[PDB]
Amino acid sequence: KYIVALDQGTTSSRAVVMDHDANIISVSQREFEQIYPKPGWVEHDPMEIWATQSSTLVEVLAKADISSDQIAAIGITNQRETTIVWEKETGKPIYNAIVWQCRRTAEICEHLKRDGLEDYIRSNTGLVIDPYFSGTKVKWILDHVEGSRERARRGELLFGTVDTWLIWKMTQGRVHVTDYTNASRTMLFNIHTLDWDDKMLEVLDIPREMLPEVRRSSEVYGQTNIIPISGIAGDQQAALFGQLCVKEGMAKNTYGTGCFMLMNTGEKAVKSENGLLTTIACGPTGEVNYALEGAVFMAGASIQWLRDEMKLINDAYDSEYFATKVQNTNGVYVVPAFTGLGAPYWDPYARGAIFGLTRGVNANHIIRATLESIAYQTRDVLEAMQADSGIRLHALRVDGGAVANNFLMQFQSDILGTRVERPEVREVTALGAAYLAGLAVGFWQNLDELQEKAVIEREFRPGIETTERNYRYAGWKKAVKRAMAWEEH
Amino acid sequence: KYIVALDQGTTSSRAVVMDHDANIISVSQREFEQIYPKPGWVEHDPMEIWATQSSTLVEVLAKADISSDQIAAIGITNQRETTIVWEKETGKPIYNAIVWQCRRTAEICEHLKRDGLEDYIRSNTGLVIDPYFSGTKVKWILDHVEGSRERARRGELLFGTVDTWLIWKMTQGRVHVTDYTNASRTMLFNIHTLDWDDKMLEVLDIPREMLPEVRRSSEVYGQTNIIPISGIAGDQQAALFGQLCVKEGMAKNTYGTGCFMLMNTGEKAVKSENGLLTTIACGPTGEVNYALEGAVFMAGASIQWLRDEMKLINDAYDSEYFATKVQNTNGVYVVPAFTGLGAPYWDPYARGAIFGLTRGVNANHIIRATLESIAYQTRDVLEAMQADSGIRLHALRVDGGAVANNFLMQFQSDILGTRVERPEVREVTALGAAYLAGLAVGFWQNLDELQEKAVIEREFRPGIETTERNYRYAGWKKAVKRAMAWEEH
Amino acid sequence: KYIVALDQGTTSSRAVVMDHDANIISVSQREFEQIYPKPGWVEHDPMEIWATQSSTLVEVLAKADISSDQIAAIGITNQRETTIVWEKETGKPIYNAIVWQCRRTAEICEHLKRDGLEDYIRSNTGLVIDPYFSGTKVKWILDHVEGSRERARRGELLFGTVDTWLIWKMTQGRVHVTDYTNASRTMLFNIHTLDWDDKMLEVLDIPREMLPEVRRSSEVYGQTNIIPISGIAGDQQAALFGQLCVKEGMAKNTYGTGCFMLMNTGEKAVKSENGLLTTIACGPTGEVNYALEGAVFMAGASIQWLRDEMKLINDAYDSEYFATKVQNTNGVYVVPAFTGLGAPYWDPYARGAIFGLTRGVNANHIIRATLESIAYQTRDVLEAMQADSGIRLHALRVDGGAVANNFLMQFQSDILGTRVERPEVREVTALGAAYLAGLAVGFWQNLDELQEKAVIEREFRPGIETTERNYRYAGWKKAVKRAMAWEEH
Amino acid sequence: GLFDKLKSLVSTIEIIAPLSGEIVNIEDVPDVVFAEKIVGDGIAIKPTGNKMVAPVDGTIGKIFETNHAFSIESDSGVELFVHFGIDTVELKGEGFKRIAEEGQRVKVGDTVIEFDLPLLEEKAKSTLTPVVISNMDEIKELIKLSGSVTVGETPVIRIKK
Ligand SMILES: Nc1ncnc2c1ncn2[C@@H]1O[C@H](COP(=O)(O)OP(=O)(O)O)[C@@H](O)[C@H]1O
Ligand SMILES: Nc1ncnc2c1ncn2[C@@H]1O[C@H](COP(=O)(O)OP(=O)(O)O)[C@@H](O)[C@H]1O
Ligand SMILES: Nc1ncnc2c1ncn2[C@@H]1O[C@H](COP(=O)(O)OP(=O)(O)O)[C@@H](O)[C@H]1O
Ligand SMILES: O=C[C@@H](O)COP(=O)(O)O
Ligand SMILES: O=C[C@@H](O)COP(=O)(O)O
Ligand SMILES: O=C[C@@H](O)COP(=O)(O)O
Ligand SMILES: [Zn+2]
Ligand SMILES: [Zn+2]
Ligand SMILES: [Zn+2]
Ligand SMILES: [Zn+2]
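Residues numbered from 1 in each chain as written, not as in the entry; some residues may be left out. Chains lettered and ligands numbered in written order. Part of a larger assembly, values for the part shown. Heavy atoms only, no water. Residues with missing side-chain atoms left out of burial classes, pairs and counts.

Taking the PDB entry as the reference, chain D is identified by name as GLUCOSE-SPECIFIC PROTEIN IIIGlc belonging to Escherichia coli. According to the PDB record, the title of this entry is "CATION PROMOTED ASSOCIATION (CPA) OF A REGULATORY AND TARGET PROTEIN IS CONTROLLED BY PHOSPHORYLATION". Database annotation for chain D, UniProt heading Subunit: "Heterodimer with glycerol kinase (glpk)." Per UniProt, chain D has the following entry under Subcellular location: "Cytoplasm". (UniProt positions renumbered as here; feature names shortened; annotations may be inferred.)

Going by the PDB entry, chain A carries the name GLYCEROL KINASE and comes from Escherichia coli. Note on chain A: under the UniProt heading Catalytic activity, the record states "glycerol + ATP = sn-glycerol 3-phosphate + ADP + H(+)". Annotation of chain A in UniProt includes, under Sequence similarities, the sentence "Belongs to the FGGY kinase family."

### Observations regarding the overall build of chain A
When helices and strands are counted, chain A shows 15 helices and 24 strands. Rg of the C-alpha trace for chain A: 21 Å, near the compact-globule value of 23 Å for 489 residues, within the 12% margin. Judged by the C-alpha coordinates and their principal axes, chain A covers about 60 × 55 × 45 Å. (Helix = DSSP H or I, 4+ residues; strand = E, 2+ residues; numbered from the N terminus. Rg over C-alpha atoms; globule rule 2.2 N^0.38 Å.)

### Brief notes about the site of ligand 1
All names here are of chain A. Close contacts around ligand 1 come from 15 residues, with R14, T257, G300, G401 and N405 the closest. At 3.2 Å, a side-chain N or O of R14 approaches an oxygen atom of ligand 1. A distance of 3.3 Å is found between an oxygen atom of ligand 1 and a backbone nitrogen or oxygen belonging to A402. With four residues, helix α10 (residues 300-310) is the largest single contributor of residues to the shell around ligand 1. Counted by class, the shell around ligand 1 contains five nonpolar, nine polar and one charged residues. (Near = heavy atom within 4 Å. Polar contact = N/O pair within 3.5 Å; in protein donor to acceptor, adjacent residues only side chain to side chain. Nonpolar A, V, L, I, M, F, W, Y, C, P; charged D, E, K, R; others polar.)

### As for the sheet that holds strand β6 (residues 84-87) of chain B
Residues and elements named next belong to chain B. A sheet is described by the order of its strands in space; here three strands give the open sequence β7-β6-β9, paired in antiparallel fashion. Each having just a single partner strand, β7 (92-93) and β9 (157-160) make up the two edges of the open sheet. Note: β6 against β7, two bridges, orientation antiparallel. Considered in β7, the bridge of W86 is made with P93. (Pairing = 2+ DSSP bridges.)

### Describing the relation of the copies chain A and chain B
Two chain copies, one operation linking them: a rotation about an axis together with a shift along it. Under the fitted operation, chain A is carried onto chain B by 0.0 Å of movement along the axis and a turn of 180°, and the coordinates agree to an RMSD of 0.0 Å. What the rotation and shift describe, once combined, is the action of a two-fold rotation axis. By C-alpha distance to the rotation axis, the residue of chain A lying nearest is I354 of chain A, at 2.4 Å. A symmetric contact is evident, with 100% of the interface residues of chain A recurring at the interface of chain B. (Least-squares fit on C-alpha atoms. Contact = heavy atoms within 4.5 Å.)

### Concerning the interface of chain B and chain C
Between chain B and chain C, the contact holds six residues from the first and six residues from the second. Both faces combined, the contact of chain B with chain C buries some 560 Å², and carbon together with sulfur accounts for 48% of it. Taken together, chain B and chain C are joined by four salt bridges. The shortest N-O distance in the salt bridge between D318 of chain C and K325 of chain B comes to 3.2 Å. One can count six residue pairs in polar contact joining chain B with chain C. (Buried area = accessible area lost by both parts, 1.4 Å probe. Salt bridge = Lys/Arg side-chain N within 4 Å of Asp/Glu carboxyl O.)

### Quick word on the interface of chain A and chain B
When the parts of a complex come together, some accessible area is lost, and that lost area is often used as the size of the interface. Chain A puts 40 residues into the contact, and the matching count from chain B is 40 residues. With both chains or domains summed, chain A and chain B bury close to 3,400 Å², and 59% of this area falls on carbon and sulfur atoms. Between chain A and chain B we count two salt bridges in total. Put simply, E488 of chain A and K478 of chain B hold a salt bridge, and the shortest N to O gap is 3.8 Å. Taken together, chain A and chain B are joined by 18 residue pairs in polar contact. Counting residues per element, the ones that place at least two in the side of chain A that touches chain B are α10, β21 (352-357), α12 (363-389) and α15 (469-483) of chain A. With six residues, β21 of chain A is the single largest residue contributor to the side of chain A that touches chain B.

### Quick look at the UniProt feature "binding site: Zn(2+)" in chain D
UniProt feature "binding site: Zn(2+)": in the numbering of this structure it lies at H68 and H83 of chain D. A stretch of 16 residues holds the annotated residues, and the largest C-alpha distance among them is 6.4 Å, short enough that they meet in one place. Within the secondary structure, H68 of chain D sits in the loop between β5 (58-63) and β6 (69-74). Here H68 of chain D falls in the buried class, since its relative accessible area comes to 0%. Among the secondary structure elements, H83 of chain D is positioned in strand β7 (residues 79-83). In this structure, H83 of chain D is in contact with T467 and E468 of chain B together with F34, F64, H68, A69, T88, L128, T129 and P130 of chain D, ignoring residues within four places of it in sequence. (Buried < 20%, exposed > 50% of the residue type's maximum accessible area, 1.4 Å probe, protein only.)

### Here we look at the domain arrangement of chain A
Residues and elements named next belong to chain A. If you check the domain split of chain A, you get domain 1 (1-243 + 426-454) and domain 2 (244-425 + 455-489). Using only C-alpha atoms to locate each centre, domain 1 and domain 2 end up separated by 24 Å. Taken together, the contacts link 50 residues of domain 1 with 46 residues of domain 2. The set of elements that each furnish at least two residues to the side of domain 1 that touches domain 2 consists of α2 (106-115), α7 (180-184), α9 (235-242) and α14 (428-440). Of the residues contributing to the side of domain 1 that touches domain 2, the split by class is 22 nonpolar, 17 polar and eleven charged. (Domains from an automatic or database assignment.)

### Some details on the environment of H144 of chain B
The topology assignment puts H144 of chain B in the loop between α4 (134-143) and α5 (149-153). Spatially, the C-alpha atoms of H144 of chain B and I66 of chain B are 45 Å apart, while their sequence positions differ by 78 residues.

What follows is the structure, given as structure tokens:
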């Protein structure tokens, strides 16, 4: 018997199959196109996530040799914010999906600020005025289609996030539900009142009609034919969970397409005064918990950038090897605001920049610099995290794909002057959904059944260069401040 | 019968052999190491220019089949500013050569400004306080060697620029002479008084003892055994000359390691009020003339950068091909202040930066951006040139190695909204020395003998995109302003 | 009103939409994974062609803005030989698709020869004993699955080629048909008797049960829901057709993943005595015609090889540019038998080799050599073609993706000493299906309606180097002979 | 609302008004490339509203990405350049809207780009709309009409090739 998780990510779609004993049994990854139709814009193709996510399932099931008969449930994990609209009848999109990075609805945010909602939005969404979240991507869509708003009041138009879209495409049109995690992200939902905001909805000109049903992050949403789908949670949160976040002051950092740093704040909605997000996570039964989050748009992406456009490396894996051929970035800094600055900057205007170049700088300085950006950003977010929550981390639990980089790991450690604990199973975001699934299905009963698959594989501790950290960071600080406000309006 | 020119450049050393009819007969190039011992620093190895320059001669002579018997004279052309000191007895350097780019003596300049010499230095050198010129590189040397100053008052220590060094190493120690062009560059010499400045010399703590003999840019300096050496002029100037600069308001732009834009101001030392240099060139007989100059440190270098460190291209030639695969830099800008900013910025603090990057930007955006920097800088310099001299160019005569780039050429044209005339022989800097040599030797008698080898090979005229130029340049302007002041003090 | 063609190729899947006037209106390409599970082996994933082919349709339809309402019919084109088996009930494969290149069933062929069927197989299939065709790939499958043969006599097991598979997956399981073109390829079908061979079937242990229904290359096979599917023909043949092959002695060469050279032999099954294939094509109404075919496994693939594994180029387009930076391969030869040698060698044992290397040879020699292989092979095939058919071509009509390579085109011309006519629309293989579709649907009535969209865009004629051709080819000949028989048995 | 559907009145080289308003001396364009005919010669036009159209049956050459200008080659080997306003490229495509595509042949009159004469009215630096012939070298005589013109109707220039 086994659960099966679905991780549909920015970069790609995956499918993990675990046993009761919670062992990774078989996996399937399949990467998918990234479209930039214009600069600061990012978009993915609904049918492609779809095709890719689906396809990934089969292939896992197949790979292991397993059928409808032996799978307890389906756990679902997705990329956040990324808005989608689709004609109910058809199962067809009225547009492309707007991704969380895409800076398009930037002017809109500018109105929102012009009006006076910063305060409001903060307080009820826990979010912050920025193209990062669902809201504006919705309005921007409705706004750039003739028969939209009206077509949607009549309600032939569906909204949703990846989990919602992923679900409905499986419950053959039956189910229209998002989870609690997902919803907080949207900028339309109220975290205290725990329901859609009438104001947002209005102000934004959104129609309650498209909004799905909002439900617990562990519940049986329904059944599907590969069978029930018991789990749903925004990716970052499903990883908080798989790390066994779950308790106050508990925290992790996920290194993937982006970087997400979260801390469980039990049942208290801590109000960030330091460029951070107040949002929802889970407590041990999949119940609603609050939390502090630091979002950083670019991490692993950069590597992909060097890898795929710049063409300096064949594999991201190689970055360790070259970055280590150098000892120093030789003065260079890489601010990867390829799609604005997130926490705690939140400047959809800044753009990527490179600095401190001189004739002797080469490819390897550059790569490494990219790797460095990672820890810098991380560190930015962290200091915020601390100030906000008054707590001082002693270790950083981490996970993500980039976390296999001894170099980065370590460097991360030095630059923080803190130990870094790297978990033995990197594929945690998955694990999270599973539990939420399993649990919800009596597949497990107790989290405790599992304070055991969470072996630490490695500890990174501060080397002697940790003394140098302040200088190096000031570097960073100056660089950043120069990439800001690049675009115009 | 034939003259032979020597072009010893930043990047490499060359040897051209021309006939009376002034035809390029055989050439020899040999590139040489570039050392960056530290960031903003550049240095070349005296023995290597030396070895490389020498070696280049033979090989040309050999290549064509020619001897001591058929060569009328030796014309000499060198890279400017680049300071050298050497024990007289030995023929050995007390250091490495400091190159014109090398920002080392930057603090020194800072004293100079602190003291009050900006005004003075301007007015008598026509130069501007900046590590770019000889002066400070000399003092910095004397300052970082125990037995120096004193060893040099006793005068066992020789100073010189490439022409001076190149000469002495040929006139077996006999001759110690620099030309008029060369000397202006040093920051120690007085352009009106046409002789070494007592003040500079003092202030800088330099000893008249090391200074060579300063003589006409066409004169027989002496004889050497491959025979007489009749010509000498700083590279930029020898190209002004080969273009037949020679008359008031006449101008060229040289695209090589750097970019140098000069205009003959006959016999009048125009005082730049726009970030430009007042310096010396030649009038038709190799006599002293004045001129306005715009120096831009990085041009062809950048290409080499992409080519040699970044590793994006195998040949600089290839840049056309890739840059053209793209239509736009896609928002990107490259400010190549790898070794500070020159005219008209003159900020030894700025460093290279890249901007406007987003996930969709790739290698080709980047290359092209580098190519673009070229025309931007050019254009910066030009506008200055115009304001200063009150004249409006209608064409730009050009030359240099990079000038074989149809793309850049053209783009240069569009971005200026001016025609660009590309001469049929690109190797003009050479030609210049020759004439100065030949002439001085009765090899030619009259410049007029030659208002004929100066065929125009091509004209670039403003395409329709020339309308777009202002926007594009504003891009540039913002980018620049952000690379400034990067380093600290 | 419009027809829509489907081209499902070795490399990728496509979707073309044409108008009545036969204009390419919108296209969709989507490349798909290539698996080599072992050396001389190639395999594609049924669900991926599937997913990719499907997906491509929508996107074309969508792109142009068009619905079920305005499309006259569906024309279908596929890659040949590539065998597939699938559980009838399910719509699931019992294996991966074996591709035409895959040398797996090589021993099997060895039995076939051992037995005495060379003669037979030749005479009735017109094919030749080689892993290239369907037959053996089928048996190899049935042979490496427990419940297969039997499961298939009971007939829960389906066989098919891409057209057949592509159809059935659209006629929701309804239709099981292959066309006449497709079938000849299989090694199971009898070209005279125009029906499945009882002998082959036996000898190979294949069960009539899996074989589909074999029908005209223009007929309404059925209806599907995007509507009827009126066309089907093996790719090479659909291009013969779009070139308006159609009459005796008429010929084309297609440059794609492989190279296929075919000549219409009206109604006469010419017996190849020169390493060629006797197979079926169409006559003007989509009726059965015979033809001579020369298959060459590797062409465009090689470029992909340099492009994707070797990593020398970013785009195949770039090959022109680099190959032209060189004048000669500098002695080098590339025999691209990556997956054996086809016509007229047919040696599933040879493997890729490179020759004539010396220290001065670099990347560009190599690329170009790869490009050259193309014309060599072409030429090999051609000479055969001529001998066999007693006719001497005066021009070569061509088409394919690689045909955009001026260099290759030309070089092809020189090396043949024959003109080369390059058609103005390269996407002919598509066009072919369409007609077969349209025609069959009264969409067109007469081929004649169209001896007009067939404009020649360019003529390549023999340059002076054409004199050198014999030497150069002998090069080739020696190289080839050395790559042969590499693997063992 | 729009007669776009209805039939219109239908009447050496003549170039037709590709947009409408009052004609102007190139010489008065607030940009040198224009004013000195560096880019070539022709006239300008203060505009009246709604749209830009082919002024010769030829083939649209390039169309600016920010769709504020375009060129085209006449079946008669003439080169036309139409640049809407000046420094318009900073509006980044706002007001503009692409009716045609970077490749087609057109007759006179076919819609090429549509626009928003008022958004453009206060946003843009200037609204002048130069119409110049770029290949001034392959043209003998070139004449400049005057006064008012109307789209795809009144001609602005006549030229002898
Ligand atoms: N050795 C490595 N060093 C750096 N980045 C790595 C390395 N291995 C994988 N990656 C990066 O890790 C990322 C994958 O992260 P993961 O958590 O799987 O994906 P996702 O972005 O979908 O959440 C990519 O952005 C990739 O470019
Ligand atoms: N096609 C080209 N495009 C760009 N730069 C070129 C090209 N060909 C040569 N170069 C560049 O031209 C320069 C050579 O300029 P030249 O006037 O010979 O040398 P120098 O710097 O010694 O004065 C180099 O900096 C090189 O990188
Ligand atoms: N300029 C070019 N030179 C060489 N090969 C090219 C070029 N452009 C495309 N290709 C090659 O053409 C092929 C595409 O051929 P085509 O007829 O479309 O595809 P298929 O193999 O599916 O039949 C590829 O094998 C590719 O590697
Ligand atoms: O806010 C978006 C997050 O879900 C990012 O997750 P991801 O890195 O896996 O795409
Ligand atoms: O100021 C230094 C100049 O001589 C530069 O000349 P160069 O580009 O040939 O090295
Ligand atoms: O024999 C196989 C042929 O169909 C090859 O066609 P292809 O090059 O398009 O894959
Ligand atoms: Zn993920
Ligand atoms: Zn030079
Ligand atoms: Zn094909
Ligand atoms: Zn413009």
